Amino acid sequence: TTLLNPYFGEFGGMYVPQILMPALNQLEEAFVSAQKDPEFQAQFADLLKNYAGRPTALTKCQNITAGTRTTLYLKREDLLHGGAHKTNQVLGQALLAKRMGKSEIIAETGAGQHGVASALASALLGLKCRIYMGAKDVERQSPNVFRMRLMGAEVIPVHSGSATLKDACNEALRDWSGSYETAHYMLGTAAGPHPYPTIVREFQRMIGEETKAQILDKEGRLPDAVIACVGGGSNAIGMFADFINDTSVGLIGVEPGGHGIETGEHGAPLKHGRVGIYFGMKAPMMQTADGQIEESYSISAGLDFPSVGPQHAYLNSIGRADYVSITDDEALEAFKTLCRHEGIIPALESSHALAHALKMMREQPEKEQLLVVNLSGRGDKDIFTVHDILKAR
């Protein structure tokens, strides 16, 4: 029994051990209550404004589109405190934890950005934070690991399975299954068991709300399309949500194509995986023929979640949103192009969304189109990755 629908069509659900069902029910109740509570809303809005720096800018990128009939705006989540959109929903989830009377936070992280966001929210709001991170990720993400530790979080390496994000996800749930009486699991994307896909969407929806207000102000009309990269689906659903009922607005999600779909070395389960049940949900995922869960590959460390939020799978199924992929090489070119032509260093994650927008423009340069790309994060973290690639060129 639930207050809200745990499914988006066939996708989603609450595939957790029985022991965790009261924790999910408790969280759903707290969320539904919070959503109706003007005081909760005001506290959340206050943190977003005065701590995180909302609203974020909407930047018109004229140099990139010169000589075409594309108008391109970037929604500047790269300017949010922490350098990525993840900060929005961790502040909301931290406030839910407090609402439920919890003083401890568990979080998973792959490339480290969600861990950092969880750690900063926990430092601000007086919560004890423990972060699970696959040991291979710990090894390759020393900057983010150090940031988490500076902000007082305990970072716990996970050595089981593939020692990457999925293994950290499992470990977070194992911990929660024994600790839910005192700890809240601050899940890092719009995926996992209900109510998390719903909560994360609602705590990211200011992205699209602001974009709508800003584009109306500047252009006097809605965008022709909004474009966002899709790791687990949080930044994309945050951009899409307020436009879902505006049927003229295209919603385009960009999964990582890695070395190319045909190589199998990618992270595009929505369009190129197979529906499975894992991490509490029924959703497309990266899996072997036998049903063992596999990793997602991308040049961008942050698009490593091996499944996708169930609401994206649903929006795809009904044809409301379209999903495409962008290769490592395409993302790298978009990264370089933005740096050089606009003076903005984008996250390699976000560069996937930009790459697709650039393709829309370049393929059909006389097509009149007003596009918004969600610039989910800044790319300071990626400059050596890009250096080492261009050093071998």
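We call the rigid core whatever largest set of C-alpha positions still superposes within 1.5 Å between the two forms. Start at 1 and count along the sequence shown; that's the residue number.
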query: RMS CA shift, core-fitted in 4 other deposited structures of this protein, bigger for 18-26 or for 379-387; finding: 379-387
query: Between 74-82 and 174-182, the one whose CA atoms sit farther away in 4 other deposited structures of this protein (rigid core aligned); finding: 174-182
query: Stretch with the greater mean C-alpha B-factor as recorded in the entry, comparing 180-188 against 227-235; finding: 180-188
query: Stretch with the higher entry mean CA B-factor, where the candidates are 120-128 and 190-198; finding: 120-128
query: Residue selected from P256, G83, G291, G250 by maximal Cα B factor; finding: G291
query: Selection from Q204, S296, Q311, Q93 [criterion: highest C-alpha temperature factor in the record]; finding: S296
query: Ranked against its chain, the third holding the CA B-factor of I64; finding: highest
query: Entry-reported Cα temperature factor of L371, expressed as the chain third it lands in; finding: lowest
query: Third of chain Cα B-factors occupied by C339; finding: lowest
query: Third assignment of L24 from its chain's C-alpha B-factors; finding: middle
query: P38 by Cα B-factor - lowest, middle or highest third of the modelled chain; finding: highest
